[PDB]
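Visitor: Test case, fold it:
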Amino acid sequence: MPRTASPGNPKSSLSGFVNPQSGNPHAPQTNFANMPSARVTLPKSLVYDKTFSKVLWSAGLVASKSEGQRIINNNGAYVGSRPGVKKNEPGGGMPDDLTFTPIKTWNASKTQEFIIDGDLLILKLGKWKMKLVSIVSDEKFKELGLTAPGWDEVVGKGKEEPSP
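Guide: Numbering: from 1, shown residues only. Take a look:
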């Protein structure tokens, strides 16, 4: 039996058909939908410094400043931008309406370029998750709400429990 074994023999449970019963293969609907459906919002101003890294870890999904960078390094990510202000299609020329990323390290150039995100910032990683974040500049806020109870209290009074 052992000495007369058959070099290159198949398996038992997996003799051609591989499908467990834990749920791993049981794909609900779409990958993006469940796992990669987390979104957070952070101050648009500090986003200008790092394109992929800062946005992903700091903003919405993880401690990955360290981990995230690795992913970027991994080069298994994409980046998109879509505020919805202009009607200027991709036009290749570093569009702002829509953005696509090769996930190669670009700190300032790429960030500011697409991460302008007046209303939208999106980050997607194919290693595990996609995180999308919306960012608005505090200053901008001042402009719209420039005459609300928000500025008066915060700035003028500046004596509220929840500090800015």
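Visitor: And the helices in this protein?
Guide: For the chain, applying DSSP state H gives helices covering 44-47, 52-54, 65-74, 108-114, 138-144, 149-151.
Visitor: From the rest of the structure, what touches the fifth one?
Guide: Contact partners of helix 138-144, identified using Cβ atoms under 8 Å, 6 or more residues apart in numbering, comprise 43-45, 118, 151. Where C-beta positions appear, they are placed from N, C-alpha and C, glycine not excepted.
Visitor: try it again with 7 Å
Guide: Helix 138-144 is contacted from outside by 43, 45, 151, using Cβ atoms under 7 Å, 6 or more residues apart in numbering.
Visitor: okay if I get those residues as TSV plus distance to residue 95 and neighbour count?
Guide: Listed next are the contacts of helix 138-144 as TSV, based on distance: Cβ to Cβ, whole Å; neighbours: other Cβ atoms under 10 Å:
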residue	distance to residue 95	neighbour count
43	24	13
45	22	13
151	34	14
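Visitor: Format the helices of the chain as a markdown table; extra columns: distance to residue 82.
Guide: Formatted as a markdown table, the helices of the chain follow (distance: least, Cβ to Cβ, whole Å):
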| stretch | distance to residue 82 |
| --- | --- |
| helix 44-47 | 14 |
| helix 52-54 | 16 |
| helix 65-74 | 21 |
| helix 108-114 | 9 |
| helix 138-144 | 17 |
| helix 149-151 | 27 |
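Visitor: What's the local residue count around the closest residue to residue 70 other than its chain neighbours?
Guide: Sequence neighbours aside, residue 64 is the residue nearest to residue 70 in space, at 7.6 Å (criterion: Cβ to Cβ, 6 or more residues apart in numbering). Residues lying near residue 64 (other Cβ atoms under 10 Å) number 19.
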